[PDB]
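Down below is the structure, laid out as structure tokens.
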Amino acid sequence: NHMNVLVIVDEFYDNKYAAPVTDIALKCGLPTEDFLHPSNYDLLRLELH
Amino acid sequence: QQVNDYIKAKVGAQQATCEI
Amino acid sequence: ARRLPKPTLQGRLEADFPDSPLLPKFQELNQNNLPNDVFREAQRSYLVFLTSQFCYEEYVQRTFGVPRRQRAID
Amino acid sequence: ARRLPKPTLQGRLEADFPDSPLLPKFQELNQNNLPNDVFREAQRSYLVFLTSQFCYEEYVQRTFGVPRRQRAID
């Protein structure tokens, strides 16, 4: 809503309790030999293409 | 109990069964 | 909204040095219903603008020709 | 229940050097029948406390004393 970057940054970290990691990072974290494992079905079933 | 829920998430909850 | 915090910058340059030619071209700034702190920061910004302006002129006036054709006799 | 062996630390250093300052701040040592050597160790500890305080004060003055704009006009 306004063009100034510092207060944009400070409005994101203001003692943040919950820091949810993006799902893409959760995909690229684990290697292949458990990405096929059925424990990661919650990541697998949204990998379609 | 939340740690228990994490453990039950990260593993599974004829076929020739095998103990370890 | 806000800015960076101000850096230290100890002293007042116009308090100590009256011998630069930039002094009468500084004094025209005066407060009008303004607290003296932000008015002083306005003086500081005008002073740094003037010294940048003066050193800019000092650069461009010595670099039209740093050599010249006319100095061959002397 | 005890401490280290004491180091060598020889001589009455304050008496051989009356020229230094802070010795008027040293002479306020009352003796309520303290023996003749633990009083000397108390005096030594008070002396090194005083010279550390004097050195810290002179360092504080040497760090607040930076080249100012006022002193550079010479």
### Task
Would you confirm whether any residue within the range C:29-49 is surrounded by fewer than 10 Cβ atoms within 10 Å (Cβ to Cβ) and either within 14 Å of another protein chain (Cβ to nearest Cβ) or over 30 Å from A:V7 (Cβ atoms) (or both)?
yes
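Could you tell me which of the residues D:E28, D:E57 is among the acidic types (D, E) and under 30 Å from C:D16 (Cα atoms)?
Values: D:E28 fails: under 30 Å from C:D16 (Cα atoms).
Testing whether each residue is among the acidic types (D, E) and under 30 Å from C:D16 (Cα atoms) leaves just D:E57.
For the range A:13-49: of the residues being of a type in the set (S, T, N, Q) and loosely packed, with under 10 Cβ neighbours inside 10 Å, which is nearest to B:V11 (Cα to Cα)?
A:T32
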### Task
Could you run through the range A:1-40 and say how many residues are within 20 Å of B:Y6 (Cα to Cα) and polar (S, T, N, Q)?
3
### Query
Is one or more of the residues making up the range C:1-11 touching a helix residue (DSSP H, G or I) at 6+ places or on another chain (Cβ under 9 Å), of a type in the set (K, R), within 17 Å of D:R68 (Cα to Cα) and within 11 Å of another protein chain (Cβ to nearest Cβ)?
no
### Task
Tell me which of these D:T51 doesn't satisfy, since it passes every other one: (1) in a helix (DSSP H, G or I); (2) of a type in the set (V, I, T); (3) more than 23 Å from D:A15 (Cα to Cα).
(3)
### Query
Quick check: anything in the range D:15-26 among the small types (G, A, S), within 14 Å of chain C (Cβ to nearest Cβ) and outside any loop (DSSP other than H, G, I, E, B)?
no
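So basically every Cβ, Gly included, is an ideal-geometry build from the backbone, and we count neighbours across all protein chains shown. Rule-based calculations on the coordinates, nothing more; no lab input.
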